[PDB]
file coords.csv (CSV, C-alpha atoms)
chain,number,residue,atom,x,y,z
A,216,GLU,CA,-3.4,-19.1,-2.2
A,217,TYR,CA,0.0,-17.6,-1.3
A,218,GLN,CA,1.0,-20.6,0.9
A,219,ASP,CA,4.7,-20.2,0.1
A,220,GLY,CA,6.2,-19.5,3.5
A,221,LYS,CA,6.9,-15.9,2.4
A,222,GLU,CA,5.3,-12.9,4.2
A,223,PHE,CA,1.9,-11.1,3.5
A,224,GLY,CA,-1.7,-12.2,2.9
A,225,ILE,CA,-4.8,-11.0,1.3
A,226,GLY,CA,-6.0,-7.6,2.6
A,227,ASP,CA,-2.6,-6.5,4.0
A,228,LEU,CA,-1.8,-2.9,3.5
A,229,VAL,CA,1.8,-2.7,2.1
A,230,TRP,CA,4.4,-0.5,0.6
A,231,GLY,CA,5.4,-1.9,-2.8
A,232,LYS,CA,8.5,-1.1,-4.9
A,233,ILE,CA,8.6,-1.5,-8.7
A,234,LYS,CA,11.3,-0.3,-11.1
A,235,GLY,CA,11.0,3.4,-11.8
A,236,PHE,CA,8.9,4.5,-8.8
A,237,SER,CA,9.1,5.4,-5.2
A,238,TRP,CA,7.7,3.0,-2.6
A,239,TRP,CA,4.0,3.2,-3.2
A,240,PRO,CA,1.1,2.1,-0.9
A,241,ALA,CA,-0.9,-0.9,-2.0
A,242,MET,CA,-3.2,-3.7,-0.8
A,243,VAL,CA,-2.4,-7.4,-1.3
A,244,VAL,CA,-5.2,-9.0,-3.3
A,245,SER,CA,-6.1,-12.5,-4.7
A,246,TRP,CA,-5.2,-13.2,-8.3
A,247,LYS,CA,-8.9,-13.5,-9.0
A,248,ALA,CA,-9.4,-9.8,-8.3
A,249,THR,CA,-7.0,-9.1,-11.2
A,250,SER,CA,-8.5,-11.1,-14.0
A,251,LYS,CA,-4.9,-12.0,-15.0
A,252,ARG,CA,-3.2,-15.2,-13.7
A,253,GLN,CA,-2.0,-16.8,-10.5
A,254,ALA,CA,1.1,-15.1,-9.0
A,255,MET,CA,4.4,-16.9,-9.2
A,256,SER,CA,5.3,-18.6,-5.9
A,257,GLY,CA,7.2,-16.0,-3.7
A,258,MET,CA,5.1,-13.2,-5.2
A,259,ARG,CA,1.9,-11.4,-4.4
A,260,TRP,CA,-0.6,-9.5,-6.5
A,261,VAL,CA,-1.1,-6.0,-5.2
A,262,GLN,CA,-3.5,-3.3,-6.1
A,263,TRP,CA,-2.1,0.2,-5.8
A,264,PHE,CA,-3.9,3.0,-4.0
A,265,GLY,CA,-4.4,6.1,-6.1
A,266,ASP,CA,-4.6,4.5,-9.6
A,267,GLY,CA,-6.2,1.1,-8.7
A,268,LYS,CA,-3.9,-0.9,-11.0
A,269,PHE,CA,-2.4,-4.3,-10.3
A,270,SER,CA,1.2,-5.5,-10.2
A,271,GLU,CA,2.7,-8.9,-9.4
A,272,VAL,CA,5.4,-8.0,-6.8
A,273,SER,CA,8.0,-10.1,-4.9
A,274,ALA,CA,7.3,-10.5,-1.2
A,275,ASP,CA,10.8,-9.2,-0.7
A,276,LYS,CA,9.8,-6.0,-2.5
A,277,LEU,CA,6.9,-5.5,0.0
A,278,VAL,CA,6.9,-4.1,3.5
A,279,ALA,CA,4.0,-3.6,5.9
A,280,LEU,CA,2.4,-0.1,5.4
A,281,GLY,CA,2.7,0.0,9.2
A,282,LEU,CA,6.4,0.8,8.9
A,283,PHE,CA,5.3,4.2,7.6
A,284,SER,CA,8.1,6.7,8.3
A,285,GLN,CA,10.6,4.2,7.0
A,286,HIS,CA,9.2,4.3,3.5
A,287,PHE,CA,7.2,7.5,3.2
A,288,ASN,CA,8.9,9.5,0.5
A,289,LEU,CA,8.7,13.2,1.3
A,290,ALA,CA,10.2,14.4,-2.0
A,291,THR,CA,7.8,12.3,-4.0
A,292,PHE,CA,4.9,13.6,-1.8
A,293,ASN,CA,5.9,17.2,-2.5
A,294,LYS,CA,6.6,16.6,-6.2
A,295,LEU,CA,3.5,14.5,-7.0
A,296,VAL,CA,-0.3,15.0,-6.6
A,297,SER,CA,-0.7,11.4,-7.6
A,298,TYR,CA,1.3,10.3,-4.6
A,299,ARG,CA,-0.7,12.6,-2.3
A,300,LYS,CA,-3.9,11.1,-3.6
A,301,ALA,CA,-2.5,7.6,-3.2
A,302,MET,CA,-1.6,8.5,0.4
A,303,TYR,CA,-5.1,9.7,1.2
A,304,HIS,CA,-6.9,6.6,-0.1
A,305,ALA,CA,-4.4,4.3,1.6
A,306,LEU,CA,-4.6,6.2,4.9
A,307,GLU,CA,-8.4,6.5,4.7
A,308,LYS,CA,-8.5,2.7,4.5
A,309,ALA,CA,-5.9,2.5,7.3
A,310,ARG,CA,-8.1,4.8,9.5
A,311,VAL,CA,-11.4,2.9,9.1
A,312,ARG,CA,-9.8,-0.4,9.9
A,313,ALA,CA,-8.0,0.5,13.1
A,314,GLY,CA,-10.2,2.8,15.0
A,315,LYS,CA,-9.3,6.4,14.3
A,316,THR,CA,-11.5,9.5,14.2
A,317,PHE,CA,-9.8,12.9,13.7
A,327,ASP,CA,-5.8,19.1,3.3
A,328,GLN,CA,-7.6,16.5,5.4
A,329,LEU,CA,-4.5,14.5,4.8
A,330,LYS,CA,-2.6,16.4,7.6
A,331,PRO,CA,-3.7,14.5,10.7
A,332,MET,CA,-3.9,11.2,8.7
A,333,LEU,CA,-0.2,11.7,7.7
A,334,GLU,CA,0.7,12.8,11.3
A,335,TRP,CA,-1.1,9.8,12.7
A,336,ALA,CA,0.7,7.5,10.2
A,337,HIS,CA,4.1,9.1,10.6
A,338,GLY,CA,3.6,9.0,14.4
A,339,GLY,CA,3.2,5.2,14.3
A,340,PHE,CA,-0.6,4.8,14.1
A,341,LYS,CA,-1.4,5.7,17.7
A,342,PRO,CA,-3.2,4.7,19.9
A,343,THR,CA,-3.8,1.5,18.0
A,344,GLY,CA,-0.2,0.9,16.7
A,345,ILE,CA,0.5,-1.1,13.6
A,346,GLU,CA,-1.7,-4.0,14.9
A,347,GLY,CA,-4.9,-2.1,14.0
A,348,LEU,CA,-3.9,-2.1,10.3
A,349,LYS,CA,-4.8,-5.8,10.0
A,350,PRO,CA,-7.5,-6.7,7.3
A,351,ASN,CA,-10.6,-8.1,9.3
B,32,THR,CA,-6.5,3.3,-17.7
B,33,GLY,CA,-7.1,0.0,-16.0
B,34,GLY,CA,-5.4,-3.4,-15.6
B,35,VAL,CA,-1.6,-3.8,-15.0
B,36,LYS,CA,0.6,-0.9,-13.9
B,37,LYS,CA,3.5,-0.2,-16.2
B,38,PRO,CA,6.8,0.6,-14.6
call {"tool": "encode", "arguments": {"input": "coords.csv", "output": "structure tokens"}}
result
Amino acid sequence: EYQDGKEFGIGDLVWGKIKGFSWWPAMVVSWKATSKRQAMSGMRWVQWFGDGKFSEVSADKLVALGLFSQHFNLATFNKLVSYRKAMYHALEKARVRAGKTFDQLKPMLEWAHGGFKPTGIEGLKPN
Amino acid sequence: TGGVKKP
């Protein structure tokens, strides 16, 4: 699945961009998780943190969640509790995976905005 | 409240 030469694989934490919304954190999933259909070549199914819904998104409309400060939207974060909830669940997941200990958002956000230290982006990988 | 996200 997803053998199209384009970026991203199953389990990858990503920012995803669909019409009408800020960049939003998501996880790349298999089409079978979606009970929908196979993604068009060049595209990935993602499941969004916060609301748990699925979108089929172009691999060119996805970036690694690791590039955090570059896509974090501070205005959206201040404006929307749904975005703040989305950030928590996505960063929680980021934490567990990498090795990171530490309104409980604060040091998660700082750690994220700071570049996911000590581990770096490398510790965001799925397995 | 489930399924596919609507833009």
call {"tool": "residues_around", "arguments": {"input": "coords.csv", "residues": "residue 32 in chain B", "least_positions_apart": "6", "cutoff": "12 Å", "atoms": "only C-alpha atoms", "output": "list in words"}}
result
residues 266, 267, 268 and 269 of chain A
call {"tool": "closest_residue", "arguments": {"input": "coords.csv", "among": "A:216, A:260, A:232, A:227", "to": "residue 34 in chain B", "atoms": "only C-alpha atoms"}}
result
A:260
call {"tool": "atom_distance", "arguments": {"input": "coords.csv", "atom1": "CA of residue 244 in chain A", "atom2": "CA of residue 262 in chain A"}}
result
6.6 Å
call {"tool": "residues_around", "arguments": {"input": "coords.csv", "residues": "residue 288 in chain A", "least_positions_apart": "2", "cutoff": "10 Å", "atoms": "all atoms listed in the file", "output": "PDB file with C-alpha atoms, keeping the file's coordinate frame"}}
result
ATOM      1  CA  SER A 237       9.100   5.400  -5.200  1.00  0.00           C
ATOM      2  CA  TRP A 238       7.700   3.000  -2.600  1.00  0.00           C
ATOM      3  CA  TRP A 239       4.000   3.200  -3.200  1.00  0.00           C
ATOM      4  CA  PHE A 283       5.300   4.200   7.600  1.00  0.00           C
ATOM      5  CA  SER A 284       8.100   6.700   8.300  1.00  0.00           C
ATOM      6  CA  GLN A 285      10.600   4.200   7.000  1.00  0.00           C
ATOM      7  CA  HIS A 286       9.200   4.300   3.500  1.00  0.00           C
ATOM      8  CA  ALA A 290      10.200  14.400  -2.000  1.00  0.00           C
ATOM      9  CA  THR A 291       7.800  12.300  -4.000  1.00  0.00           C
ATOM     10  CA  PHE A 292       4.900  13.600  -1.800  1.00  0.00           C
ATOM     11  CA  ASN A 293       5.900  17.200  -2.500  1.00  0.00           C
ATOM     12  CA  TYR A 298       1.300  10.300  -4.600  1.00  0.00           C
TER      13      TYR A 298
END
call {"tool": "closest_residue", "arguments": {"input": "coords.csv", "among": "A:335, A:217, A:236, A:317", "to": "residue 253 in chain A", "atoms": "all atoms listed in the file"}}
result
A:217
call {"tool": "closest_residue", "arguments": {"input": "coords.csv", "among": "A:328, A:351, A:343, A:270", "to": "residue 233 in chain A", "atoms": "only C-alpha atoms"}}
result
A:270
call {"tool": "atom_distance", "arguments": {"input": "coords.csv", "atom1": "CA of residue 229 in chain A", "atom2": "CA of residue 338 in chain A"}}
result
17.1 Å
call {"tool": "closest_residue", "arguments": {"input": "coords.csv", "among": "A:327, A:277, A:228, A:307", "to": "residue 348 in chain A", "atoms": "all atoms listed in the file"}}
result
A:228
call {"tool": "residues_near_point", "arguments": {"input": "coords.csv", "point": "(-4.5, 4.7, 0.5)", "cutoff": "10 Å", "atoms": "all atoms listed in the file", "output": "PyMOL selection string"}}
result
chain A and resi 228-229+239-242+263-265+280+298-310
call {"tool": "atom_distance", "arguments": {"input": "coords.csv", "atom1": "CA of residue 258 in chain A", "atom2": "CA of residue 274 in chain A"}}
result
5.3 Å
call {"tool": "decode", "arguments": {"input": "coords.csv", "residues": "range 220-240 of chain A", "atoms": "N, CA and C atoms", "output": "PDB file, in the first residue's frame"}}
result
ATOM      1  N   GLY A 220       6.226   6.064  -4.699  1.00  0.00           N
ATOM      2  CA  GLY A 220       7.392   6.929  -4.756  1.00  0.00           C
ATOM      3  C   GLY A 220       7.235   8.215  -3.960  1.00  0.00           C
ATOM      4  N   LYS A 221       5.993   8.596  -3.659  1.00  0.00           N
ATOM      5  CA  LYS A 221       5.740   9.803  -2.870  1.00  0.00           C
ATOM      6  C   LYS A 221       6.067   9.567  -1.396  1.00  0.00           C
ATOM      7  N   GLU A 222       6.092  10.636  -0.604  1.00  0.00           N
ATOM      8  CA  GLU A 222       6.507  10.568   0.811  1.00  0.00           C
ATOM      9  C   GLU A 222       5.423   9.963   1.743  1.00  0.00           C
ATOM     10  N   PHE A 223       5.826   9.592   2.960  1.00  0.00           N
ATOM     11  CA  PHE A 223       4.932   9.208   4.075  1.00  0.00           C
ATOM     12  C   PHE A 223       4.390   7.785   4.021  1.00  0.00           C
ATOM     13  N   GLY A 224       4.380   7.148   5.191  1.00  0.00           N
ATOM     14  CA  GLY A 224       3.897   5.790   5.353  1.00  0.00           C
ATOM     15  C   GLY A 224       3.025   5.685   6.589  1.00  0.00           C
ATOM     16  N   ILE A 225       2.454   4.500   6.761  1.00  0.00           N
ATOM     17  CA  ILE A 225       1.493   4.217   7.815  1.00  0.00           C
ATOM     18  C   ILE A 225       2.075   4.459   9.191  1.00  0.00           C
ATOM     19  N   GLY A 226       1.350   5.185  10.040  1.00  0.00           N
ATOM     20  CA  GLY A 226       1.854   5.498  11.368  1.00  0.00           C
ATOM     21  C   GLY A 226       2.561   6.854  11.474  1.00  0.00           C
ATOM     22  N   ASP A 227       2.964   7.427  10.341  1.00  0.00           N
ATOM     23  CA  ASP A 227       3.610   8.749  10.379  1.00  0.00           C
ATOM     24  C   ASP A 227       2.708   9.860  10.907  1.00  0.00           C
ATOM     25  N   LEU A 228       3.227  10.601  11.882  1.00  0.00           N
ATOM     26  CA  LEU A 228       2.597  11.823  12.364  1.00  0.00           C
ATOM     27  C   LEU A 228       2.861  12.950  11.376  1.00  0.00           C
ATOM     28  N   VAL A 229       1.801  13.644  10.987  1.00  0.00           N
ATOM     29  CA  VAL A 229       1.895  14.636   9.922  1.00  0.00           C
ATOM     30  C   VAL A 229       1.042  15.843  10.224  1.00  0.00           C
ATOM     31  N   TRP A 230       1.377  16.959   9.576  1.00  0.00           N
ATOM     32  CA  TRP A 230       0.443  18.075   9.432  1.00  0.00           C
ATOM     33  C   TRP A 230      -0.281  17.862   8.105  1.00  0.00           C
ATOM     34  N   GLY A 231      -1.596  18.049   8.104  1.00  0.00           N
ATOM     35  CA  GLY A 231      -2.374  17.922   6.885  1.00  0.00           C
ATOM     36  C   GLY A 231      -3.214  19.160   6.610  1.00  0.00           C
ATOM     37  N   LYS A 232      -3.327  19.502   5.334  1.00  0.00           N
ATOM     38  CA  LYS A 232      -3.994  20.734   4.934  1.00  0.00           C
ATOM     39  C   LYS A 232      -5.158  20.454   3.995  1.00  0.00           C
ATOM     40  N   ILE A 233      -6.386  20.654   4.462  1.00  0.00           N
ATOM     41  CA  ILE A 233      -7.532  20.580   3.553  1.00  0.00           C
ATOM     42  C   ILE A 233      -8.220  21.953   3.424  1.00  0.00           C
ATOM     43  N   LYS A 234      -9.008  22.143   2.365  1.00  0.00           N
ATOM     44  CA  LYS A 234      -9.650  23.445   2.111  1.00  0.00           C
ATOM     45  C   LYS A 234     -10.522  23.922   3.278  1.00  0.00           C
ATOM     46  N   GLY A 235     -10.266  25.134   3.755  1.00  0.00           N
ATOM     47  CA  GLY A 235     -11.092  25.709   4.803  1.00  0.00           C
ATOM     48  C   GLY A 235     -10.476  25.721   6.193  1.00  0.00           C
ATOM     49  N   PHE A 236      -9.390  24.970   6.392  1.00  0.00           N
ATOM     50  CA  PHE A 236      -8.837  24.800   7.737  1.00  0.00           C
ATOM     51  C   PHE A 236      -7.355  25.134   7.806  1.00  0.00           C
ATOM     52  N   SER A 237      -6.863  25.412   9.014  1.00  0.00           N
ATOM     53  CA  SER A 237      -5.423  25.538   9.229  1.00  0.00           C
ATOM     54  C   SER A 237      -4.775  24.176   8.985  1.00  0.00           C
ATOM     55  N   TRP A 238      -3.451  24.150   8.872  1.00  0.00           N
ATOM     56  CA  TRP A 238      -2.727  22.893   9.013  1.00  0.00           C
ATOM     57  C   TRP A 238      -3.135  22.190  10.322  1.00  0.00           C
ATOM     58  N   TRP A 239      -3.441  20.895  10.236  1.00  0.00           N
ATOM     59  CA  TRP A 239      -4.011  20.161  11.366  1.00  0.00           C
ATOM     60  C   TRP A 239      -3.242  18.845  11.545  1.00  0.00           C
ATOM     61  N   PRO A 240      -2.961  18.452  12.809  1.00  0.00           N
ATOM     62  CA  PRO A 240      -2.128  17.270  13.038  1.00  0.00           C
ATOM     63  C   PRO A 240      -2.927  15.998  12.778  1.00  0.00           C
TER      64      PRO A 240
END
